[PDB]
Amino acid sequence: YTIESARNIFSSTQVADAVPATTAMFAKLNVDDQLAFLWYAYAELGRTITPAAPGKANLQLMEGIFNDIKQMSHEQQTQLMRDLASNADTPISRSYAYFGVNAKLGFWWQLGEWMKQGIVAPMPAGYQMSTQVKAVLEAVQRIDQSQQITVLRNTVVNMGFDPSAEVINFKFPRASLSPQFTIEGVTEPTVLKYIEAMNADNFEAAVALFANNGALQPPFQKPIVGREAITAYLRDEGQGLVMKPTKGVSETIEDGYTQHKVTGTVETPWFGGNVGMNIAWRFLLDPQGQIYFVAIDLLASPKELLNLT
């Protein structure tokens, strides 16, 4: 077995292809229209769901930058939004590039609030009734909420400077009591211990279960190899996630390796159970019961939760 061949481990599982397709569409817009799409897509989403406050302590990690953006002309604030959206090399764009996913999301969230108060100039958006942006809007609204918030996350993860260590990491309260999940059809300790570690916010215990040369493939992303790179990834994107697998199958294969497919929902700290992402986990364990490979898939539809062999 090789990482390349373990990527195919249950090949019938079907994924939300519309996510990268819709990001590719957003990429074809000019900056004026990328901003107009962000403003409207967020306002439209805010008809059903509003992201939860990320915390005073988390947002205090960027207090310096927030003070700058407040002691700044409406014209300066406008220019910053354009600079972040256009991938410009300015001081705050360079800083933004060292925010982790949640800090980037939190940066935008805290500006949203001050927009409501007039303390920050709104989105300086080109027109949102532009045909090009109206078409990318239609594509977003045609897909489920888990896909919409994923598209919205991607466009925000891709703003500011592109520099090819010092990443700001939001931390969040553990959600609930000891049994946060129960998996029908899977008692494999390594699988259970992974989900327990993630829900406990203990990413060292989660990565401890990986082989020295093991890998983690996030949704729509390349595999991440070895405990150091996996642990750094998870210290960013794993924070505040609650993982609610409910069913799966275990299979022994060649050389005393085992395969496991587990399905359920994942809840972001931002939306809680308002957006239950339908997720599969595909694990290849070597004979020592260690994780050689695990893929995480945003599933195509709720029907995929029941596709198990």
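Residues carry their position along the shown sequence, with the first being 1.
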From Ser164 to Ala165, how many deposited residues does the entry skip: none, 1 to 3, 4 to 9, or 10 or more? 4 to 9
Between 84-92 and 97-105 (mean CA B-factor, as deposited), the higher: 84-92
Which has the higher mean CA temperature factor in the PDB entry, 253-261 or 57-65? 253-261
Using only the C-alpha B-factors in the record, can you name which of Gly226, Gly126, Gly238, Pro173 has the highest? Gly126
Whose C-alpha has the highest temperature factor in the PDB entry: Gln110, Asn212, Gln147, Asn199? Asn212
Where does the C-alpha B-factor of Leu45 rank in its chain, lowest, middle or highest third? highest
Among the chain's modelled residues, which third holds the C-alpha B-factor of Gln141? highest
Lowest, middle or highest third: where is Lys70 by Cα B-factor in its chain? highest
Can you work out whether the C-alpha temperature factor of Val31 puts it in the lowest, middle or highest third of the chain? highest
Where does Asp286 sit by CA temperature factor within its chain: lowest, middle or highest third? highest
